[PDB]
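Protein chains in written order, with the entry's author numbering: chain D, 178 to 432; chain C, 0 to 222, 251 to 296. Note that beta-carbon positions come from the ideal geometry of N, C-alpha and C, so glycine has one too.
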Ligand SMILES: NS(=O)(=O)c1ccc(Nc2nc(OCC3CCCCC3)c3nc[nH]c3n2)cc1
Ligand SMILES: [Mg+2]
């Protein structure tokens, strides 16, 4: 089903895509605030040892929610908390209990607020939670490695996660394209190989077609130490991810 | 909200909630309503409801039960489904003395594999295929139901919940606690149900995990159905292959010579 599934997710990523310009229509919140939020979620994912997939889902849910609902900045973390809780229920074998989510907001919100927001998010998203993620495309692409290299896999995973932080520019790119740009950049950084032939056949993406997203993600990788948000860097220093964030980015790509 | 629905009778309790037979007072439509209590002060919307609803909203197929509506209240969630007239287990019990015609068994298996192939091509594992969860109407259709234990899977799969599939329908890879499992687990369940349609008794009715394993090894050998012809036996053996990778997929099973002459008989109710 590997091809059937791939085709279906390519279709779904278009339907599940958040509104590109949405933060411009939000009067009280900004891209900088969303960055703070997504970074905190990375921390949450680490404290509770959540799957990377869960974090990607939570971010999709938040972007889609904010595409249709105006939110004041004091309630932004409430949206994020509810989204992470929903993503956990969907994806995790053992999701954290609700009380654990209330604890991590440092008691800004009550447990009743968190649960009421969970329901609001479900209503706004009309229960459409099985969304395609960067992580989902990446796991598929990793199968086209020869040989498999867990330094590459971890660094693509790292770069895919960095894209979640910055709505500008990454809202305009599909999960499949971001996953494409991340895999090429990780492959090149570690080994010196490029976007494989077999993956073009699979995806229809060429290195030229991935270029605009590759240019952005290349820049994002080079300036990642100076980003206000550092949780993803700190996470990917651990031996769990083979310390991929401590690597030096390529100065160029020669594209 | 529920003003327009009149409850007729309680049907049963599946993985979660309660299912009622109900009629729409305005249209005359008879539906199955799944009532789901929300833990509004504790754990919120259960993960089973979150998975079943999100996934059923994607899965539109003639052989997968149709979710018609989701009705929200502060304290309850009601799922409105199409009503099917009865379950396969009840059908089989009513057929215990007279047997089920082969044309019907073949049609039922064909349709189930179509629904299952649709599920698997859409990255969904059902994980609870049993005759109680398979619903038939008066016009020859059978459909996959109760997606409360279903989940969306990844390519490649990672480790998922071990507490899955009722014992009798549980594949060897689950019983032996293998790190990974996937689509093969559903084909196993279907392999067991195929055998059970022909005999009208469960293939592997274990009383425990060890008893389950011994029953499987007794029948298959270490890693059957007399009324069945050569074509049927061949398909059955491919659905009950020990090695998950060697075990036939739903897609490939549809292209089996057993189904060359499949029709759609109307069941006897
Ligand atoms: N026992 S029985 O033979 O008398 C009979 C059986 C099932 C039904 N109808 C029916 N049932 C559902 O699930 C109820 C069932 C499924 C899981 C196990 C417990 C309860 C449905 N879900 C959508 N549509 C549904 N339709 C009518 C009669
Ligand atoms: Mg704004």
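Does the distance from the C-beta atom of residue i to that of residue j stay below 9 Å?
| i | j | result |
| --- | --- | --- |
| residue 176 (chain C) | residue 161 (chain C) | yes |
| residue 391 (chain D) | residue 384 (chain D) | yes |
| residue 401 (chain D) | residue 422 (chain D) | yes |
| residue 333 (chain D) | residue 320 (chain D) | no |
| residue 78 (chain C) | residue 33 (chain C) | yes |
| residue 338 (chain D) | residue 409 (chain D) | yes |
| residue 218 (chain C) | residue 202 (chain C) | yes |
| residue 195 (chain D) | residue 243 (chain D) | yes |
| residue 295 (chain C) | residue 106 (chain C) | no |
| residue 174 (chain C) | residue 212 (chain C) | yes |
| residue 199 (chain C) | residue 70 (chain C) | no |
| residue 184 (chain C) | residue 151 (chain C) | no |
| residue 252 (chain D) | residue 44 (chain C) | no |
| residue 295 (chain D) | residue 263 (chain D) | yes |
| residue 366 (chain D) | residue 424 (chain D) | yes |
| residue 52 (chain C) | residue 66 (chain C) | yes |
Please confirm whether residue i has its beta-carbon closer than 9 Å to some beta-carbon of chain C.
| i | result |
| --- | --- |
| residue 191 (chain D) | no |
| residue 279 (chain D) | no |
| residue 355 (chain D) | no |
| residue 352 (chain D) | no |
| residue 225 (chain D) | no |
| residue 330 (chain D) | no |
| residue 291 (chain D) | yes |
| residue 275 (chain D) | yes |
| residue 316 (chain D) | yes |
| residue 322 (chain D) | no |
| residue 179 (chain D) | yes |
| residue 417 (chain D) | no |
| residue 382 (chain D) | no |
| residue 238 (chain D) | no |
| residue 206 (chain D) | no |
| residue 491 (chain D) | Any property of residue 491 (chain D) remains undetermined from this structure, which presents chain D solely from 178 to 432. |
| residue 186 (chain D) | yes |
Taking the beta strand (DSSP E) that residue i belongs to, which residues open and close that run?
| i | result |
| --- | --- |
| residue 36 (chain C) | 29-36 |
| residue 59 (chain C) | No beta strand (DSSP E) contains residue 59 (chain C), which DSSP labels as neither H nor E. |
| residue 70 (chain C) | 66-71 |
| residue 11 (chain C) | 4-11 |
| residue 135 (chain C) | 133-135 |
| residue 79 (chain C) | 75-81 |
| residue 142 (chain C) | 141-143 |
Since residue i is in the alpha helix (DSSP H), which residue starts that stretch and which ends it?
| i | result |
| --- | --- |
| residue 197 (chain C) | 183-198 |
| residue 219 (chain C) | 208-219 |
| residue 21 (chain C) | No alpha helix (DSSP H) holds residue 21 (chain C); the beta strand (DSSP E) holding it covers 17-23. |
| residue 403 (chain D) | Unbroken run through residue 403 (chain D): none, as it is neither H nor E. |
| residue 202 (chain C) | Note, residue 202 (chain C): premise wrong, no alpha helix (DSSP H); not H, not E. |
| residue 99 (chain C) | Segment: none, residue 99 (chain C) is in no alpha helix (DSSP H) and carries neither H nor E. |
| residue 379 (chain D) | 374-380 |
| residue 49 (chain C) | 46-55 |
Since residue i and residue j are thought to touch, with beta carbons under 8 Å apart, how far apart are those beta carbons, to the nearest angstrom?
| i | j | result |
| --- | --- | --- |
| residue 178 (chain C) | residue 83 (chain C) | About 37 Å separates the two Cβ atoms, so there is no contact after all. |
| residue 119 (chain C) | residue 277 (chain C) | 6 Å |
| residue 214 (chain D) | residue 254 (chain D) | 7 Å |
| residue 279 (chain D) | residue 288 (chain D) | 5 Å |
| residue 336 (chain D) | residue 362 (chain D) | 6 Å |
| residue 229 (chain D) | residue 193 (chain D) | No, residue 229 (chain D) and residue 193 (chain D) are not in contact; Cβ-Cβ is about 18 Å, not under 8 Å. |
| residue 57 (chain C) | residue 307 (chain D) | 6 Å |
| residue 205 (chain C) | residue 166 (chain C) | 6 Å |
Measuring only between beta-carbons, confirm whether residue i sits less than 9 Å from chain D.
| i | result |
| --- | --- |
| residue 53 (chain C) | yes |
| residue 13 (chain C) | no |
| residue 61 (chain C) | no |
| residue 114 (chain C) | no |
| residue 16 (chain C) | no |
| residue 43 (chain C) | yes |
| residue 64 (chain C) | no |
| residue 37 (chain C) | yes |
Hey, would you say the C-beta of residue i is under 8 Å away from at least one heavy atom of ligand 4?
| i | result |
| --- | --- |
| residue 201 (chain D) | Absence of ligand 4 from the depicted structure is noted, with ligand 1 and ligand 2 being the only ligands included. |
Closest to residue i by C-alpha separation, out of the options, would be which residue?
| i | options | result |
| --- | --- | --- |
| residue 7 (chain C) | C:18, C:292, C:97 and C:13 | C:18 |
| residue 48 (chain C) | D:309, D:305 and D:352 | D:305 |
| residue 286 (chain C) | C:55, C:51, C:258 and C:269 | C:258 |
| residue 264 (chain C) | C:132, C:159 and C:187 | C:187 |
| residue 340 (chain D) | D:241, D:195, D:397 and D:278 | D:397 |
| residue 283 (chain C) | C:93, C:92, C:109 and C:58 | C:109 |
| residue 232 (chain D) | D:430, D:375 and D:310 | D:310 |
| residue 191 (chain C) | C:13, C:209 and C:214 | C:214 |
| residue 289 (chain C) | C:101, C:164, C:1 and C:117 | C:101 |
| residue 29 (chain C) | C:20, C:35 and C:60 | C:20 |
| residue 260 (chain C) | C:144, C:280, C:221 and C:66 | C:280 |
| residue 429 (chain D) | D:272, D:226, D:237 and D:388 | D:388 |
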